[PDB]
Amino acid sequence: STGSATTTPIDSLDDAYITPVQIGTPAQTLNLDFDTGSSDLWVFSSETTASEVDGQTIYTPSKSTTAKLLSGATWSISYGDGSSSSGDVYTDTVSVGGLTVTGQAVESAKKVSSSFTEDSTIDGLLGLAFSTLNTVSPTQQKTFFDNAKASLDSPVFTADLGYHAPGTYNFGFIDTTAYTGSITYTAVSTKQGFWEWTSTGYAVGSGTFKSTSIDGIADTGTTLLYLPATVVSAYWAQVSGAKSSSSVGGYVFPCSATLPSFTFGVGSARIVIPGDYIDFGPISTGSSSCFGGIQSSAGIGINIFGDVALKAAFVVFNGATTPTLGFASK
């Protein structure tokens, strides 16, 4: 089997992407944030504290003839941005782009933190990291991908995120019309539960490539590109007036600037992030100070190849017995 679903930016800045997901019988369609940096599929629901719901579409398990309470199971997750959610668990039928999994753990939120409430466009998350990170207790549950894997034509999914435009998540096949050139594959460590790999270096604008190993994660659920302070300083040094602001919480730059591109290495191959992808707009409405899309990972503890990087590529998440990651230009 295969599946194919369109993923759409939630706003004009590509702060996140939502993908429609069918849950239950009859189908209840929710728009979920596909997140290769976590491993829980959770949704706003009829159980969510009412004051914490503001515009989201909810899953109502009592209206699904295939929903079954997973007795005794609870979940609780906290993300790198300090947000969180928790609740109980149902199993139900879940379909993405025509690909159907029966008995999928659907984690129903009883509580969500303010940033989730405040984002009316995101009805929940669909985790696509390794199932070892799944938070369900006392019996850990599998991700949608893990459940679908054996049924797929090939044990892969691909992320093709758009810049200020829709893109595609495919399951079980590689669309050879969706990228240019070849796909370069690189090794993955699953030791931390992430799609963790090592970039071979970087360049700033038309500058020379610096060969240096950068260990990090491919994370569709993180907006920006977080890299070591040395790398990030080298980038912003090429933008007149750019500076790191502790009050704003990162590098900012004059909105009048033209940003240079940023290249990252995948083996001997190179992925080029156009300068415009690194502009996240005014820090506040009407400001002429703009927020940078490349930020320091110092004190996160991990480098993160988030959407800024991934949207510049066609990305293969290869879930074979020995997982690997593939990147192509597009």
# chains A, B, ... in the order shown; residues from 1 in each chain; ligands from 1
$ closest_atom_pairs --of "region 242-274 of chain A" --to "region 281-290 of chain A" --cutoff "7 Å" --atoms "only C-alpha atoms" --output "JSON lines"
{"residue": "A:252", "atom": "CA", "partner": "A:290", "partner_atom": "CA", "distance": 5.4}
{"residue": "A:253", "atom": "CA", "partner": "A:290", "partner_atom": "CA", "distance": 5.3}
{"residue": "A:254", "atom": "CA", "partner": "A:289", "partner_atom": "CA", "distance": 5.0}
{"residue": "A:255", "atom": "CA", "partner": "A:290", "partner_atom": "CA", "distance": 5.1}
$ closest_atom_pairs --of "region 260-320 of chain A" --to "region 192-204 of chain A" --cutoff "7 Å" --atoms "only C-alpha atoms" --output "tab-separated table"
residue	atom	partner	partner_atom	distance
A:260	CA	A:204	CA	6.8
A:261	CA	A:204	CA	6.2
A:262	CA	A:204	CA	4.9
A:263	CA	A:203	CA	4.9
A:264	CA	A:202	CA	4.4
A:265	CA	A:200	CA	4.7
A:266	CA	A:199	CA	5.4
A:267	CA	A:200	CA	5.8
$ write_last_selection --atoms "N, CA, C and O atoms" --output "short mmCIF file (atom, residue, chain, number, x, y, z; two decimals), in the first residue's frame"
data_model
loop_
_atom_site.label_atom_id
_atom_site.label_comp_id
_atom_site.auth_asym_id
_atom_site.auth_seq_id
_atom_site.Cartn_x
_atom_site.Cartn_y
_atom_site.Cartn_z
N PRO A 260 21.79 36.21 2.57
CA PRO A 260 22.53 35.22 1.79
C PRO A 260 21.95 33.82 1.98
O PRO A 260 21.29 33.50 2.97
N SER A 261 22.21 32.96 1.01
CA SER A 261 21.83 31.56 1.12
C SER A 261 22.70 30.85 2.16
O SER A 261 23.72 31.38 2.61
N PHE A 262 22.26 29.66 2.55
CA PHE A 262 23.02 28.80 3.45
C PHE A 262 23.02 27.41 2.86
O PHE A 262 21.96 26.86 2.55
N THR A 263 24.21 26.85 2.70
CA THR A 263 24.34 25.50 2.16
C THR A 263 24.74 24.53 3.26
O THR A 263 25.62 24.84 4.07
N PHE A 264 24.10 23.36 3.29
CA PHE A 264 24.55 22.28 4.17
C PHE A 264 24.93 21.01 3.39
O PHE A 264 24.36 20.72 2.33
N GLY A 265 25.90 20.28 3.91
CA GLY A 265 26.38 19.08 3.26
C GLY A 265 25.65 17.83 3.68
O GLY A 265 25.31 17.65 4.87
N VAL A 266 25.39 16.97 2.70
CA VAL A 266 24.89 15.62 2.92
C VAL A 266 25.86 14.74 2.15
O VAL A 266 25.82 14.68 0.92
N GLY A 267 26.78 14.08 2.86
CA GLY A 267 27.85 13.39 2.18
C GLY A 267 28.57 14.37 1.27
O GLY A 267 28.88 15.51 1.68
#
$ select_by_dssp --residues "region 114-196 of chain A" --states "alpha helix (DSSP H)" --output "MDAnalysis selection string"
chainID A and resid 114:118 144:148
$ closest_residue --among "A:191, A:149, A:330, A:164" --to "residue 276 (chain A)" --atoms "only C-alpha atoms"
A:164
$ closest_residue --among "A:162, A:181, A:228, A:250" --to "residue 308 (chain A)" --atoms "only C-alpha atoms"
A:162
$ closest_residue --among "A:64, A:28, A:39, A:132" --to "residue 145 (chain A)" --atoms "only C-alpha atoms"
A:39
$ closest_residue --among "A:294, A:189, A:66, A:163" --to "residue 12 (chain A)" --atoms "only C-alpha atoms"
A:163
$ residues_around --residues "residue 142 (chain A)" --least-positions-apart "3" --cutoff "10 Å" --atoms "only C-alpha atoms" --output "PyMOL selection string"
chain A and resi 39-41+104-105+127-128+130-134+136+139+145-148
$ write_last_selection --atoms "N, CA, C and O atoms" --output "PDB file, in the first residue's frame"
ATOM      1  N   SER A  39       6.871  11.206  18.809  1.00  0.00           N
ATOM      2  CA  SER A  39       6.360   9.881  18.477  1.00  0.00           C
ATOM      3  C   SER A  39       4.986   9.604  19.053  1.00  0.00           C
ATOM      4  O   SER A  39       4.615   8.441  19.240  1.00  0.00           O
ATOM      5  N   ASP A  40       4.235  10.668  19.327  1.00  0.00           N
ATOM      6  CA  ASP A  40       2.869  10.558  19.817  1.00  0.00           C
ATOM      7  C   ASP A  40       1.908  11.138  18.773  1.00  0.00           C
ATOM      8  O   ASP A  40       2.166  12.197  18.195  1.00  0.00           O
ATOM      9  N   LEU A  41       0.805  10.440  18.537  1.00  0.00           N
ATOM     10  CA  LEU A  41      -0.284  10.957  17.715  1.00  0.00           C
ATOM     11  C   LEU A  41      -1.339  11.395  18.713  1.00  0.00           C
ATOM     12  O   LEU A  41      -2.002  10.555  19.327  1.00  0.00           O
ATOM     13  N   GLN A 104      -4.746   2.000  15.592  1.00  0.00           N
ATOM     14  CA  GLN A 104      -3.770   3.035  15.907  1.00  0.00           C
ATOM     15  C   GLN A 104      -4.080   3.689  17.248  1.00  0.00           C
ATOM     16  O   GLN A 104      -5.232   4.027  17.526  1.00  0.00           O
ATOM     17  N   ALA A 105      -3.055   3.893  18.072  1.00  0.00           N
ATOM     18  CA  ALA A 105      -3.249   4.642  19.305  1.00  0.00           C
ATOM     19  C   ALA A 105      -3.468   6.101  18.958  1.00  0.00           C
ATOM     20  O   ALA A 105      -2.598   6.745  18.368  1.00  0.00           O
ATOM     21  N   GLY A 127       3.218  12.044  15.348  1.00  0.00           N
ATOM     22  CA  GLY A 127       4.637  11.792  15.503  1.00  0.00           C
ATOM     23  C   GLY A 127       5.187  10.766  14.538  1.00  0.00           C
ATOM     24  O   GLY A 127       4.568   9.729  14.281  1.00  0.00           O
ATOM     25  N   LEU A 128       6.378  11.047  14.020  1.00  0.00           N
ATOM     26  CA  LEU A 128       7.025  10.204  13.025  1.00  0.00           C
ATOM     27  C   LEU A 128       8.498   9.929  13.384  1.00  0.00           C
ATOM     28  O   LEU A 128       9.266   9.497  12.533  1.00  0.00           O
ATOM     29  N   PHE A 130      11.018   7.720  16.238  1.00  0.00           N
ATOM     30  CA  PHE A 130      10.974   6.293  16.535  1.00  0.00           C
ATOM     31  C   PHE A 130      10.089   6.005  17.741  1.00  0.00           C
ATOM     32  O   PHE A 130       9.965   6.829  18.650  1.00  0.00           O
ATOM     33  N   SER A 131       9.434   4.847  17.718  1.00  0.00           N
ATOM     34  CA  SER A 131       8.397   4.567  18.698  1.00  0.00           C
ATOM     35  C   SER A 131       8.937   4.469  20.125  1.00  0.00           C
ATOM     36  O   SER A 131       8.175   4.568  21.071  1.00  0.00           O
ATOM     37  N   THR A 132      10.252   4.323  20.271  1.00  0.00           N
ATOM     38  CA  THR A 132      10.867   4.317  21.592  1.00  0.00           C
ATOM     39  C   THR A 132      10.640   5.618  22.364  1.00  0.00           C
ATOM     40  O   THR A 132      10.784   5.644  23.587  1.00  0.00           O
ATOM     41  N   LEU A 133      10.298   6.703  21.663  1.00  0.00           N
ATOM     42  CA  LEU A 133       9.989   7.973  22.342  1.00  0.00           C
ATOM     43  C   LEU A 133       8.523   8.146  22.728  1.00  0.00           C
ATOM     44  O   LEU A 133       8.179   9.128  23.386  1.00  0.00           O
ATOM     45  N   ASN A 134       7.663   7.204  22.345  1.00  0.00           N
ATOM     46  CA  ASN A 134       6.243   7.357  22.597  1.00  0.00           C
ATOM     47  C   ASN A 134       5.971   7.409  24.097  1.00  0.00           C
ATOM     48  O   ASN A 134       6.533   6.611  24.857  1.00  0.00           O
ATOM     49  N   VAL A 136       3.100   6.945  25.903  1.00  0.00           N
ATOM     50  CA  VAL A 136       1.982   6.230  26.534  1.00  0.00           C
ATOM     51  C   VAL A 136       2.473   5.277  27.620  1.00  0.00           C
ATOM     52  O   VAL A 136       3.424   4.528  27.415  1.00  0.00           O
ATOM     53  N   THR A 139       1.890   1.016  28.772  1.00  0.00           N
ATOM     54  CA  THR A 139       2.221   0.216  27.600  1.00  0.00           C
ATOM     55  C   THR A 139       2.492   1.170  26.450  1.00  0.00           C
ATOM     56  O   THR A 139       1.574   1.790  25.921  1.00  0.00           O
ATOM     57  N   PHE A 145       3.533   5.416  11.326  1.00  0.00           N
ATOM     58  CA  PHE A 145       4.475   4.826  10.374  1.00  0.00           C
ATOM     59  C   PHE A 145       4.883   3.418  10.784  1.00  0.00           C
ATOM     60  O   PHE A 145       4.903   2.509   9.961  1.00  0.00           O
ATOM     61  N   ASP A 146       5.190   3.233  12.062  1.00  0.00           N
ATOM     62  CA  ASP A 146       5.578   1.912  12.547  1.00  0.00           C
ATOM     63  C   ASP A 146       4.469   0.884  12.301  1.00  0.00           C
ATOM     64  O   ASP A 146       4.735  -0.245  11.875  1.00  0.00           O
ATOM     65  N   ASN A 147       3.224   1.283  12.566  1.00  0.00           N
ATOM     66  CA  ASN A 147       2.075   0.406  12.333  1.00  0.00           C
ATOM     67  C   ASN A 147       1.846   0.104  10.849  1.00  0.00           C
ATOM     68  O   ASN A 147       1.475  -1.013  10.499  1.00  0.00           O
ATOM     69  N   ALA A 148       2.087   1.083   9.983  1.00  0.00           N
ATOM     70  CA  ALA A 148       1.824   0.934   8.554  1.00  0.00           C
ATOM     71  C   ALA A 148       2.924   0.178   7.819  1.00  0.00           C
ATOM     72  O   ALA A 148       2.697  -0.356   6.735  1.00  0.00           O
TER      73      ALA A 148
END
$ select_by_dssp --residues "region 6-38 of chain A" --states "strand (DSSP E)" --output "PyMOL selection string"
chain A and resi 6-9+17-23+28-35
$ closest_residue --among "A:31, A:184, A:297, A:51" --to "residue 17 (chain A)" --atoms "only C-alpha atoms"
A:31
$ closest_residue --among "A:210, A:185, A:34, A:5" --to "residue 314 (chain A)" --atoms "only C-alpha atoms"
A:185
$ residues_around --residues "residue 16 (chain A)" --least-positions-apart "2" --cutoff "12 Å" --atoms "only C-alpha atoms" --output "PyMOL selection string"
chain A and resi 7-14+18-19+31-35+119+121-122+124-125+161-166+219-224+306-308+311
$ residues_around --residues "region 85-98 of chain A" --least-positions-apart "6" --cutoff "9 Å" --atoms "only C-alpha atoms" --output "PyMOL selection string"
chain A and resi 1-6+19-25+27+42+47-48+61+64-78+104-113+116+136+144+169-171
